[PDB]
>>> print(open('work11.txt').read())   # compact mmCIF, N, CA and C atoms
# COMPACT_ATOMS: atom_id res chain seq x y z
N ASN A 2213 68.72 121.29 75.19
CA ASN A 2213 68.60 120.20 74.22
C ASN A 2213 68.92 120.67 72.81
N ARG A 2214 68.42 121.85 72.43
CA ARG A 2214 68.64 122.36 71.08
C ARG A 2214 70.12 122.68 70.86
N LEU A 2215 70.76 123.26 71.88
CA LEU A 2215 72.20 123.48 71.84
C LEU A 2215 72.96 122.18 71.69
N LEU A 2216 72.60 121.17 72.49
CA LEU A 2216 73.36 119.93 72.50
C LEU A 2216 73.23 119.19 71.18
N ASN A 2217 72.04 119.21 70.59
CA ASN A 2217 71.85 118.53 69.31
C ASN A 2217 72.52 119.29 68.17
N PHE A 2218 72.49 120.63 68.20
CA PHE A 2218 73.19 121.40 67.18
C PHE A 2218 74.70 121.24 67.29
N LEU A 2219 75.23 121.31 68.50
CA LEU A 2219 76.66 121.21 68.70
C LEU A 2219 77.16 119.81 68.39
N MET A 2220 76.39 118.79 68.74
CA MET A 2220 76.73 117.44 68.33
C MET A 2220 76.49 117.21 66.85
N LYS A 2221 75.75 118.09 66.17
CA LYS A 2221 75.74 118.01 64.72
C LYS A 2221 77.02 118.57 64.13
N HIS A 2222 77.41 119.78 64.54
CA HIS A 2222 78.59 120.43 63.97
C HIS A 2222 79.82 120.06 64.79
N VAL A 2223 80.56 119.03 64.34
CA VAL A 2223 81.71 118.51 65.07
C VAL A 2223 82.98 118.52 64.22
N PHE A 2224 82.90 118.06 62.97
CA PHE A 2224 84.05 117.51 62.25
C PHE A 2224 85.26 118.42 62.08
N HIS A 2225 85.15 119.50 61.27
CA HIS A 2225 86.17 120.53 61.09
C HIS A 2225 87.55 120.00 60.72
N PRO A 2226 87.87 119.80 59.43
CA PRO A 2226 88.99 118.93 58.98
C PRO A 2226 90.36 119.01 59.64
N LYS A 2227 90.67 120.04 60.41
CA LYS A 2227 91.94 120.07 61.12
C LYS A 2227 91.82 119.32 62.44
N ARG A 2228 92.96 118.92 62.99
CA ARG A 2228 92.91 118.01 64.12
C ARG A 2228 92.67 118.73 65.44
N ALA A 2229 93.27 119.91 65.60
CA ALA A 2229 93.20 120.59 66.89
C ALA A 2229 91.81 121.12 67.16
N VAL A 2230 91.13 121.59 66.11
CA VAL A 2230 89.75 122.04 66.28
C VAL A 2230 88.81 120.87 66.54
N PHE A 2231 89.12 119.70 65.98
CA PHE A 2231 88.35 118.50 66.29
C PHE A 2231 88.50 118.12 67.76
N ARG A 2232 89.74 118.12 68.27
CA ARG A 2232 89.93 117.82 69.69
C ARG A 2232 89.29 118.88 70.58
N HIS A 2233 89.28 120.14 70.13
CA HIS A 2233 88.61 121.20 70.86
C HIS A 2233 87.11 120.95 70.93
N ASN A 2234 86.49 120.63 69.79
CA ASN A 2234 85.04 120.42 69.75
C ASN A 2234 84.64 119.20 70.55
N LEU A 2235 85.46 118.15 70.53
CA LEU A 2235 85.18 116.98 71.34
C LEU A 2235 85.31 117.29 72.83
N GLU A 2236 86.25 118.17 73.20
CA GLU A 2236 86.34 118.58 74.59
C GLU A 2236 85.13 119.39 75.02
N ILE A 2237 84.60 120.23 74.12
CA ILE A 2237 83.41 121.01 74.46
C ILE A 2237 82.20 120.11 74.64
N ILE A 2238 82.00 119.14 73.73
CA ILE A 2238 80.84 118.26 73.82
C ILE A 2238 80.95 117.35 75.04
N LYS A 2239 82.16 116.85 75.32
CA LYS A 2239 82.37 116.03 76.50
C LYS A 2239 82.11 116.80 77.78
N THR A 2240 82.60 118.04 77.85
CA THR A 2240 82.38 118.84 79.04
C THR A 2240 80.92 119.23 79.18
N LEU A 2241 80.21 119.40 78.06
CA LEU A 2241 78.78 119.70 78.13
C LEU A 2241 77.99 118.55 78.72
N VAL A 2242 78.18 117.33 78.20
CA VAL A 2242 77.41 116.22 78.74
C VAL A 2242 77.94 115.77 80.10
N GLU A 2243 79.16 116.17 80.44
CA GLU A 2243 79.68 115.93 81.78
C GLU A 2243 79.01 116.83 82.80
N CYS A 2244 78.79 118.10 82.45
CA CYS A 2244 78.19 119.00 83.42
C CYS A 2244 76.67 119.06 83.35
N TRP A 2245 76.03 118.56 82.28
CA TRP A 2245 74.58 118.73 82.19
C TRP A 2245 73.82 117.68 83.00
N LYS A 2246 73.84 116.42 82.55
CA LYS A 2246 73.51 115.22 83.33
C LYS A 2246 72.05 115.11 83.82
N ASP A 2247 71.26 116.17 83.72
CA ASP A 2247 69.94 116.16 84.35
C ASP A 2247 68.82 116.46 83.37
N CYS A 2248 69.01 117.42 82.47
CA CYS A 2248 68.23 117.48 81.25
C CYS A 2248 69.01 116.63 80.27
N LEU A 2249 68.71 115.33 80.29
CA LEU A 2249 69.51 114.33 79.60
C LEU A 2249 69.48 114.52 78.10
N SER A 2250 68.33 114.25 77.47
CA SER A 2250 68.04 114.37 76.04
C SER A 2250 69.17 113.89 75.14
N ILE A 2251 69.77 112.76 75.50
CA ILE A 2251 70.93 112.21 74.80
C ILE A 2251 70.53 111.78 73.39
N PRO A 2252 71.04 112.44 72.39
CA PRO A 2252 70.47 112.29 71.05
C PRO A 2252 71.05 111.11 70.30
N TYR A 2253 70.18 110.22 69.85
CA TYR A 2253 70.60 109.10 69.03
C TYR A 2253 70.15 109.34 67.60
N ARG A 2254 70.41 108.34 66.75
CA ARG A 2254 70.12 108.20 65.32
C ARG A 2254 70.99 109.09 64.44
N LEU A 2255 71.58 110.13 65.02
CA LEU A 2255 72.60 110.85 64.29
C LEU A 2255 73.95 110.21 64.51
N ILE A 2256 74.16 109.59 65.68
CA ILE A 2256 75.35 108.78 65.88
C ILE A 2256 75.30 107.56 64.97
N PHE A 2257 74.10 106.99 64.81
CA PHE A 2257 73.93 105.89 63.87
C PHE A 2257 74.20 106.36 62.45
N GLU A 2258 73.75 107.57 62.11
CA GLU A 2258 74.07 108.14 60.80
C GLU A 2258 75.56 108.39 60.66
N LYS A 2259 76.25 108.60 61.77
CA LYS A 2259 77.68 108.86 61.73
C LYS A 2259 78.46 107.59 61.42
N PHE A 2260 78.18 106.49 62.12
CA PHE A 2260 79.00 105.29 61.90
C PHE A 2260 78.36 104.23 61.03
N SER A 2261 77.24 104.50 60.36
CA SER A 2261 76.59 103.48 59.55
C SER A 2261 77.04 103.49 58.11
N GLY A 2262 78.28 103.87 57.83
CA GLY A 2262 78.74 104.00 56.47
C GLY A 2262 79.38 102.72 55.96
N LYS A 2263 79.16 102.45 54.69
CA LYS A 2263 79.84 101.38 53.97
C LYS A 2263 81.06 101.96 53.26
N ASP A 2264 81.62 101.23 52.28
CA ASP A 2264 82.85 101.54 51.54
C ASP A 2264 84.02 101.77 52.49
N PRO A 2265 84.64 100.72 53.01
CA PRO A 2265 85.68 100.86 54.03
C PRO A 2265 87.05 101.29 53.50
N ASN A 2266 87.06 102.29 52.63
CA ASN A 2266 88.25 103.06 52.32
C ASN A 2266 88.08 104.50 52.79
N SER A 2267 87.33 104.69 53.87
CA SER A 2267 86.90 106.00 54.29
C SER A 2267 86.95 106.08 55.80
N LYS A 2268 87.65 107.07 56.33
CA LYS A 2268 87.74 107.23 57.78
C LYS A 2268 86.57 108.05 58.30
N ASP A 2269 85.36 107.67 57.89
CA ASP A 2269 84.17 108.49 58.05
C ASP A 2269 83.26 107.97 59.14
N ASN A 2270 83.62 106.89 59.80
CA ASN A 2270 82.84 106.40 60.92
C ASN A 2270 83.55 106.64 62.24
N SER A 2271 84.65 107.39 62.23
CA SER A 2271 85.37 107.69 63.46
C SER A 2271 84.55 108.58 64.38
N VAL A 2272 83.71 109.44 63.81
CA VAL A 2272 83.02 110.46 64.59
C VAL A 2272 81.98 109.82 65.50
N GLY A 2273 81.25 108.84 64.98
CA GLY A 2273 80.19 108.23 65.76
C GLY A 2273 80.71 107.33 66.87
N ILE A 2274 81.76 106.56 66.59
CA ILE A 2274 82.31 105.69 67.62
C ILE A 2274 83.01 106.51 68.68
N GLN A 2275 83.61 107.64 68.30
CA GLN A 2275 84.21 108.49 69.31
C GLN A 2275 83.14 109.18 70.14
N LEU A 2276 82.00 109.53 69.53
CA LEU A 2276 80.92 110.14 70.30
C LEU A 2276 80.26 109.13 71.22
N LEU A 2277 80.15 107.88 70.78
CA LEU A 2277 79.63 106.83 71.65
C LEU A 2277 80.60 106.54 72.79
N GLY A 2278 81.90 106.62 72.53
CA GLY A 2278 82.87 106.48 73.60
C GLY A 2278 82.84 107.66 74.55
N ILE A 2279 82.48 108.84 74.05
CA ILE A 2279 82.28 110.00 74.91
C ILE A 2279 81.09 109.78 75.83
N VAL A 2280 79.99 109.29 75.27
CA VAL A 2280 78.80 109.12 76.09
C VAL A 2280 78.91 107.90 77.00
N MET A 2281 79.80 106.96 76.69
CA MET A 2281 79.95 105.77 77.51
C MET A 2281 81.01 105.94 78.59
N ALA A 2282 82.02 106.77 78.33
CA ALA A 2282 83.12 106.94 79.28
C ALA A 2282 82.65 107.60 80.56
N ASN A 2283 81.57 108.37 80.49
CA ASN A 2283 80.97 108.93 81.70
C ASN A 2283 80.01 107.93 82.35
N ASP A 2284 78.91 107.64 81.66
CA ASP A 2284 77.76 106.94 82.22
C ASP A 2284 76.88 106.52 81.06
N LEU A 2285 75.64 106.97 81.23
CA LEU A 2285 74.48 106.86 80.31
C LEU A 2285 74.61 105.69 79.34
N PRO A 2286 73.66 104.76 79.41
CA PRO A 2286 73.50 103.61 78.51
C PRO A 2286 73.17 104.00 77.09
N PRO A 2287 73.62 103.22 76.11
CA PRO A 2287 73.30 103.49 74.70
C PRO A 2287 72.02 102.80 74.23
N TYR A 2288 70.92 103.03 74.95
CA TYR A 2288 69.68 102.31 74.70
C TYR A 2288 69.07 102.77 73.38
N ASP A 2289 69.11 101.89 72.40
CA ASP A 2289 68.59 102.24 71.08
C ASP A 2289 67.07 102.11 70.92
N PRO A 2290 66.40 100.91 71.16
CA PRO A 2290 65.02 100.75 70.66
C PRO A 2290 63.93 101.43 71.50
N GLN A 2291 64.16 102.68 71.86
CA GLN A 2291 63.16 103.48 72.56
C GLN A 2291 62.78 104.74 71.80
N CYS A 2292 63.76 105.44 71.24
CA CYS A 2292 63.50 106.59 70.39
C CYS A 2292 64.23 106.53 69.06
N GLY A 2293 65.35 105.82 68.98
CA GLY A 2293 66.03 105.67 67.71
C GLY A 2293 65.46 104.50 66.94
N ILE A 2294 66.31 103.52 66.64
CA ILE A 2294 65.93 102.38 65.82
C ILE A 2294 66.19 101.08 66.58
N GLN A 2295 65.97 99.94 65.91
CA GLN A 2295 66.03 98.65 66.59
C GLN A 2295 67.46 98.25 66.92
N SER A 2296 67.62 97.67 68.12
CA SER A 2296 68.95 97.46 68.69
C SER A 2296 69.73 96.41 67.92
N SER A 2297 69.04 95.38 67.44
CA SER A 2297 69.70 94.27 66.77
C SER A 2297 70.28 94.66 65.43
N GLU A 2298 69.88 95.80 64.87
CA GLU A 2298 70.51 96.32 63.67
C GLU A 2298 71.55 97.38 63.98
N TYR A 2299 71.34 98.14 65.06
CA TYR A 2299 72.31 99.13 65.52
C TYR A 2299 73.64 98.47 65.88
N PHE A 2300 73.59 97.51 66.80
CA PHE A 2300 74.80 96.83 67.21
C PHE A 2300 75.41 96.04 66.07
N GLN A 2301 74.58 95.56 65.15
CA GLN A 2301 75.09 94.88 63.96
C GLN A 2301 75.87 95.85 63.08
N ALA A 2302 75.43 97.10 62.99
CA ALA A 2302 76.18 98.11 62.24
C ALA A 2302 77.52 98.40 62.89
N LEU A 2303 77.54 98.44 64.23
CA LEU A 2303 78.79 98.67 64.96
C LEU A 2303 79.78 97.52 64.76
N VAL A 2304 79.36 96.30 65.06
CA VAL A 2304 80.23 95.14 64.93
C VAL A 2304 80.58 94.88 63.47
N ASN A 2305 79.75 95.32 62.53
CA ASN A 2305 80.16 95.20 61.14
C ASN A 2305 81.21 96.23 60.78
N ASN A 2306 81.20 97.41 61.40
CA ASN A 2306 82.28 98.35 61.09
C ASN A 2306 83.59 97.92 61.73
N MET A 2307 83.52 97.03 62.73
CA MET A 2307 84.74 96.45 63.30
C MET A 2307 85.57 95.71 62.25
N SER A 2308 84.95 95.18 61.21
CA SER A 2308 85.72 94.51 60.17
C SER A 2308 86.29 95.46 59.13
N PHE A 2309 86.20 96.78 59.32
CA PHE A 2309 86.63 97.71 58.27
C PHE A 2309 88.14 97.95 58.37
N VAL A 2310 88.90 96.89 58.12
CA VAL A 2310 90.33 96.86 58.50
C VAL A 2310 91.14 97.41 57.33
N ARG A 2311 91.19 98.72 57.26
CA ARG A 2311 92.18 99.40 56.43
C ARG A 2311 92.90 100.51 57.18
N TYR A 2312 92.18 101.26 58.01
CA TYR A 2312 92.72 102.39 58.76
C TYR A 2312 92.69 102.06 60.24
N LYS A 2313 93.76 102.40 60.94
CA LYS A 2313 93.90 101.94 62.31
C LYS A 2313 93.12 102.78 63.31
N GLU A 2314 92.44 103.82 62.86
CA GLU A 2314 91.70 104.70 63.75
C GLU A 2314 90.28 104.25 63.99
N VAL A 2315 89.77 103.32 63.19
CA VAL A 2315 88.36 102.94 63.23
C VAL A 2315 88.15 101.57 63.87
N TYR A 2316 88.92 100.55 63.47
CA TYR A 2316 88.56 99.21 63.92
C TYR A 2316 89.05 98.92 65.34
N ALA A 2317 90.24 99.38 65.70
CA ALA A 2317 90.70 99.22 67.08
C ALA A 2317 89.85 100.05 68.04
N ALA A 2318 89.42 101.24 67.60
CA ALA A 2318 88.55 102.07 68.42
C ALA A 2318 87.18 101.44 68.61
N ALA A 2319 86.64 100.86 67.54
CA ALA A 2319 85.37 100.16 67.63
C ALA A 2319 85.47 98.95 68.54
N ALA A 2320 86.62 98.26 68.50
CA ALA A 2320 86.83 97.12 69.38
C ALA A 2320 86.86 97.54 70.84
N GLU A 2321 87.56 98.64 71.14
CA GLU A 2321 87.64 99.11 72.51
C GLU A 2321 86.28 99.58 73.02
N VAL A 2322 85.53 100.29 72.18
CA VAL A 2322 84.24 100.79 72.65
C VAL A 2322 83.22 99.66 72.74
N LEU A 2323 83.41 98.59 71.96
CA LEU A 2323 82.61 97.39 72.14
C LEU A 2323 82.92 96.73 73.47
N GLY A 2324 84.19 96.74 73.86
CA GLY A 2324 84.55 96.25 75.18
C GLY A 2324 83.92 97.06 76.29
N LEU A 2325 83.83 98.37 76.09
CA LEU A 2325 83.18 99.24 77.07
C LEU A 2325 81.69 98.96 77.16
N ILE A 2326 81.06 98.74 76.00
CA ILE A 2326 79.64 98.42 75.94
C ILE A 2326 79.35 97.12 76.68
N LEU A 2327 80.16 96.09 76.41
CA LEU A 2327 79.99 94.79 77.05
C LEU A 2327 80.23 94.87 78.54
N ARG A 2328 81.23 95.65 78.96
CA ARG A 2328 81.54 95.77 80.37
C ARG A 2328 80.44 96.49 81.14
N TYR A 2329 79.77 97.45 80.50
CA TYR A 2329 78.67 98.09 81.21
C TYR A 2329 77.41 97.22 81.22
N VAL A 2330 77.11 96.56 80.10
CA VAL A 2330 75.86 95.81 80.00
C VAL A 2330 75.95 94.48 80.73
N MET A 2331 77.15 94.03 81.10
CA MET A 2331 77.24 92.87 81.98
C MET A 2331 76.77 93.22 83.38
N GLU A 2332 77.33 94.28 83.97
CA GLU A 2332 77.01 94.61 85.35
C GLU A 2332 75.61 95.18 85.47
N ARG A 2333 75.17 95.98 84.49
CA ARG A 2333 73.77 96.36 84.46
C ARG A 2333 73.01 95.17 83.87
N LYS A 2334 72.46 94.32 84.74
CA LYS A 2334 71.98 93.00 84.33
C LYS A 2334 70.65 93.11 83.59
N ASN A 2335 70.74 93.39 82.30
CA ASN A 2335 69.61 93.22 81.40
C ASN A 2335 70.00 92.24 80.31
N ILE A 2336 69.08 91.36 79.94
CA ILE A 2336 69.42 90.21 79.10
C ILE A 2336 69.35 90.70 77.66
N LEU A 2337 70.45 91.30 77.23
CA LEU A 2337 70.77 91.42 75.82
C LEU A 2337 72.25 91.18 75.58
N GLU A 2338 73.05 90.99 76.64
CA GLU A 2338 74.49 90.94 76.52
C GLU A 2338 74.97 89.68 75.82
N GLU A 2339 74.18 88.61 75.86
CA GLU A 2339 74.57 87.36 75.23
C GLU A 2339 74.51 87.46 73.72
N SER A 2340 73.56 88.24 73.19
CA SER A 2340 73.41 88.34 71.75
C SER A 2340 74.56 89.12 71.12
N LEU A 2341 74.90 90.29 71.67
CA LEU A 2341 76.00 91.03 71.07
C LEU A 2341 77.34 90.43 71.45
N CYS A 2342 77.42 89.75 72.60
CA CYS A 2342 78.62 88.98 72.91
C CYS A 2342 78.83 87.88 71.88
N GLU A 2343 77.75 87.19 71.50
CA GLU A 2343 77.84 86.18 70.47
C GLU A 2343 78.11 86.79 69.11
N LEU A 2344 77.65 88.01 68.88
CA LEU A 2344 77.89 88.65 67.58
C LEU A 2344 79.35 89.07 67.43
N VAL A 2345 79.93 89.64 68.48
CA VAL A 2345 81.34 90.02 68.38
C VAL A 2345 82.21 88.77 68.42
N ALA A 2346 81.77 87.71 69.11
CA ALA A 2346 82.49 86.45 69.04
C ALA A 2346 82.38 85.83 67.67
N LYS A 2347 81.26 86.05 66.98
CA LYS A 2347 81.11 85.57 65.61
C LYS A 2347 82.03 86.32 64.67
N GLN A 2348 82.19 87.62 64.90
CA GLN A 2348 83.16 88.39 64.12
C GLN A 2348 84.58 87.91 64.39
N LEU A 2349 84.88 87.58 65.64
CA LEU A 2349 86.23 87.15 65.96
C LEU A 2349 86.52 85.76 65.41
N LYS A 2350 85.55 84.85 65.50
CA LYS A 2350 85.72 83.52 64.92
C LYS A 2350 85.81 83.59 63.41
N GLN A 2351 85.20 84.61 62.80
CA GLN A 2351 85.49 84.89 61.41
C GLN A 2351 86.92 85.37 61.24
N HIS A 2352 87.48 86.03 62.26
CA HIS A 2352 88.77 86.66 62.08
C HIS A 2352 89.97 85.78 62.41
N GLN A 2353 89.79 84.64 63.09
CA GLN A 2353 90.97 83.85 63.44
C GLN A 2353 91.52 83.02 62.29
N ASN A 2354 90.76 82.83 61.22
CA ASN A 2354 91.22 81.99 60.11
C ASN A 2354 91.89 82.78 59.01
N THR A 2355 91.50 84.04 58.85
CA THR A 2355 91.88 84.80 57.67
C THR A 2355 93.00 85.79 57.91
N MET A 2356 93.06 86.43 59.07
CA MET A 2356 94.04 87.47 59.30
C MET A 2356 94.38 87.45 60.79
N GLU A 2357 95.46 86.75 61.14
CA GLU A 2357 95.77 86.51 62.54
C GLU A 2357 96.24 87.78 63.24
N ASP A 2358 96.87 88.69 62.50
CA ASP A 2358 97.31 89.97 63.05
C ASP A 2358 96.11 90.74 63.57
N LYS A 2359 95.16 90.98 62.69
CA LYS A 2359 93.94 91.69 63.03
C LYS A 2359 93.01 90.85 63.88
>>> encode(input="work11.txt", output="structure tokens")
Amino acid sequence: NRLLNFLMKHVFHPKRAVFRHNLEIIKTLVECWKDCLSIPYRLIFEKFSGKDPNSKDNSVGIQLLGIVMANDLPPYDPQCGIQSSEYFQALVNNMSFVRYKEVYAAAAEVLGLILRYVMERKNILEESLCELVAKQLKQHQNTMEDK
């Protein structure tokens, strides 16, 4: 657990190849561990909860959530981190950060992954975030048809 939380803290490293290397190490770690779960939240929230959308600074958290979702494990927030209705609101609000193509399309895809898992795992919260992303999209059909 201490290794996983430290290594998931130290990720960024401004060059691209070392970033892809570190993401491969973290992905392979949670791929092979699976049993001492200790999947750490609230630092991912600290990663993608940024304002001022002239900054490619929320890529790390959405990519880490896509890492943890592409395997398995649910992103259950209101058990040890913070309340879910603000967490998902932070995610769907970063979906509107339409300046850099690395953040909003990625957030849209990982939102699709979230919805696809939470539909089949039948717990009744999928209608709220489905309505929230639909609210973002209905905001988006009038103003910018491309995006």
>>> closest_atom_pairs(input="work11.txt", of="region 2221-2302 of chain A", to="region 2313-2330 of chain A", cutoff="9 Å", atoms="only C-alpha atoms", output="CSV")
residue,atom,partner,partner_atom,distance
A:2268,CA,A:2315,CA,7.0
A:2269,CA,A:2315,CA,8.7
A:2270,CA,A:2315,CA,6.9
A:2271,CA,A:2315,CA,5.6
A:2274,CA,A:2319,CA,6.3
A:2275,CA,A:2318,CA,7.8
A:2277,CA,A:2322,CA,7.7
A:2278,CA,A:2322,CA,5.9
A:2281,CA,A:2325,CA,7.3
A:2282,CA,A:2325,CA,8.0
A:2284,CA,A:2329,CA,9.0
A:2286,CA,A:2329,CA,8.0
A:2287,CA,A:2326,CA,8.2
>>> atom_distance(input="work11.txt", atom1="CA of residue 2262 (chain A)", atom2="CA of residue 2288 (chain A)")
20.4 Å
>>> atom_distance(input="work11.txt", atom1="atom C of residue 2342 (chain A)", atom2="atom C of residue 2295 (chain A)")
16.2 Å
>>> axis_aligned_box(input="work11.txt", around="region 2238-2248 of chain A", padding_each_side="6 Å", output="JSON")
{"center_x": 75.4, "center_y": 117.4, "center_z": 79.0, "size_x": 26.4, "size_y": 16.6, "size_z": 22.6}
>>> select_by_dssp(input="work11.txt", residues="region 2231-2322 of chain A", states="alpha helix (DSSP H)", output="PyMOL selection string")
chain A and resi 2231-2244+2255-2260+2271-2283+2296-2306+2316-2322
>>> atom_distance(input="work11.txt", atom1="atom C of residue 2308 (chain A)", atom2="atom C of residue 2259 (chain A)")
14.6 Å
>>> closest_residue(input="work11.txt", among="A:2249, A:2331, A:2238, A:2345", to="residue 2302 (chain A)", atoms="only C-alpha atoms")
A:2345
>>> closest_residue(input="work11.txt", among="A:2351, A:2333, A:2220, A:2266", to="residue 2310 (chain A)", atoms="only N, CA and C atoms")
A:2266
>>> closest_residue(input="work11.txt", among="A:2355, A:2306, A:2234, A:2213", to="residue 2250 (chain A)", atoms="only C-alpha atoms")
A:2213
>>> closest_residue(input="work11.txt", among="A:2311, A:2233, A:2246, A:2254", to="residue 2221 (chain A)", atoms="only C-alpha atoms")
A:2254
>>> decode(input="work11.txt", residues="region 2328-2349 of chain A", atoms="N, CA and C atoms", output="PDB file, in the first residue's frame")
ATOM      1  N   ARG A2328     -20.737   2.838 -18.615  1.00  0.00           N
ATOM      2  CA  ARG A2328     -20.873   1.470 -19.088  1.00  0.00           C
ATOM      3  C   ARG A2328     -20.668   0.466 -17.971  1.00  0.00           C
ATOM      4  N   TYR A2329     -19.806   0.774 -17.004  1.00  0.00           N
ATOM      5  CA  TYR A2329     -19.657  -0.163 -15.895  1.00  0.00           C
ATOM      6  C   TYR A2329     -20.804  -0.040 -14.897  1.00  0.00           C
ATOM      7  N   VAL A2330     -21.238   1.189 -14.603  1.00  0.00           N
ATOM      8  CA  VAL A2330     -22.248   1.387 -13.566  1.00  0.00           C
ATOM      9  C   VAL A2330     -23.644   1.047 -14.065  1.00  0.00           C
ATOM     10  N   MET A2331     -23.831   0.892 -15.378  1.00  0.00           N
ATOM     11  CA  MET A2331     -25.099   0.360 -15.860  1.00  0.00           C
ATOM     12  C   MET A2331     -25.228  -1.116 -15.524  1.00  0.00           C
ATOM     13  N   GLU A2332     -24.226  -1.913 -15.896  1.00  0.00           N
ATOM     14  CA  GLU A2332     -24.328  -3.353 -15.702  1.00  0.00           C
ATOM     15  C   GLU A2332     -24.187  -3.723 -14.235  1.00  0.00           C
ATOM     16  N   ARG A2333     -23.328  -3.030 -13.497  1.00  0.00           N
ATOM     17  CA  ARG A2333     -23.334  -3.202 -12.047  1.00  0.00           C
ATOM     18  C   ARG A2333     -24.508  -2.386 -11.521  1.00  0.00           C
ATOM     19  N   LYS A2334     -25.653  -3.038 -11.308  1.00  0.00           N
ATOM     20  CA  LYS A2334     -26.921  -2.333 -11.110  1.00  0.00           C
ATOM     21  C   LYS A2334     -26.992  -1.754  -9.703  1.00  0.00           C
ATOM     22  N   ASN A2335     -26.405  -0.573  -9.537  1.00  0.00           N
ATOM     23  CA  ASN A2335     -26.657   0.249  -8.364  1.00  0.00           C
ATOM     24  C   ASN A2335     -27.214   1.585  -8.823  1.00  0.00           C
ATOM     25  N   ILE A2336     -28.194   2.101  -8.088  1.00  0.00           N
ATOM     26  CA  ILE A2336     -28.986   3.237  -8.575  1.00  0.00           C
ATOM     27  C   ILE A2336     -28.208   4.487  -8.186  1.00  0.00           C
ATOM     28  N   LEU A2337     -27.253   4.829  -9.040  1.00  0.00           N
ATOM     29  CA  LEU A2337     -26.723   6.175  -9.127  1.00  0.00           C
ATOM     30  C   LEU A2337     -26.499   6.581 -10.569  1.00  0.00           C
ATOM     31  N   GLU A2338     -26.714   5.672 -11.527  1.00  0.00           N
ATOM     32  CA  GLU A2338     -26.351   5.915 -12.915  1.00  0.00           C
ATOM     33  C   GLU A2338     -27.241   6.956 -13.573  1.00  0.00           C
ATOM     34  N   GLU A2339     -28.462   7.134 -13.068  1.00  0.00           N
ATOM     35  CA  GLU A2339     -29.379   8.096 -13.658  1.00  0.00           C
ATOM     36  C   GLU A2339     -28.950   9.519 -13.359  1.00  0.00           C
ATOM     37  N   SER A2340     -28.349   9.750 -12.191  1.00  0.00           N
ATOM     38  CA  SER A2340     -27.949  11.101 -11.818  1.00  0.00           C
ATOM     39  C   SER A2340     -26.774  11.586 -12.656  1.00  0.00           C
ATOM     40  N   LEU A2341     -25.716  10.780 -12.775  1.00  0.00           N
ATOM     41  CA  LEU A2341     -24.596  11.246 -13.583  1.00  0.00           C
ATOM     42  C   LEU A2341     -24.893  11.141 -15.065  1.00  0.00           C
ATOM     43  N   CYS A2342     -25.778  10.220 -15.460  1.00  0.00           N
ATOM     44  CA  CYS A2342     -26.249  10.212 -16.837  1.00  0.00           C
ATOM     45  C   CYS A2342     -26.982  11.503 -17.154  1.00  0.00           C
ATOM     46  N   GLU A2343     -27.823  11.967 -16.228  1.00  0.00           N
ATOM     47  CA  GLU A2343     -28.506  13.238 -16.409  1.00  0.00           C
ATOM     48  C   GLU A2343     -27.545  14.407 -16.336  1.00  0.00           C
ATOM     49  N   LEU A2344     -26.463  14.274 -15.574  1.00  0.00           N
ATOM     50  CA  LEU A2344     -25.506  15.369 -15.468  1.00  0.00           C
ATOM     51  C   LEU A2344     -24.688  15.517 -16.747  1.00  0.00           C
ATOM     52  N   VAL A2345     -24.244  14.400 -17.325  1.00  0.00           N
ATOM     53  CA  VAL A2345     -23.501  14.502 -18.572  1.00  0.00           C
ATOM     54  C   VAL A2345     -24.444  14.858 -19.713  1.00  0.00           C
ATOM     55  N   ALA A2346     -25.714  14.440 -19.632  1.00  0.00           N
ATOM     56  CA  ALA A2346     -26.685  14.888 -20.614  1.00  0.00           C
ATOM     57  C   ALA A2346     -26.973  16.368 -20.462  1.00  0.00           C
ATOM     58  N   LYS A2347     -26.898  16.887 -19.238  1.00  0.00           N
ATOM     59  CA  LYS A2347     -27.070  18.315 -19.016  1.00  0.00           C
ATOM     60  C   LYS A2347     -25.904  19.097 -19.595  1.00  0.00           C
ATOM     61  N   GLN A2348     -24.696  18.549 -19.473  1.00  0.00           N
ATOM     62  CA  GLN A2348     -23.538  19.164 -20.114  1.00  0.00           C
ATOM     63  C   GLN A2348     -23.675  19.143 -21.627  1.00  0.00           C
ATOM     64  N   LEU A2349     -24.202  18.052 -22.168  1.00  0.00           N
ATOM     65  CA  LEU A2349     -24.317  17.955 -23.615  1.00  0.00           C
ATOM     66  C   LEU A2349     -25.415  18.868 -24.150  1.00  0.00           C
TER      67      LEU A2349
END
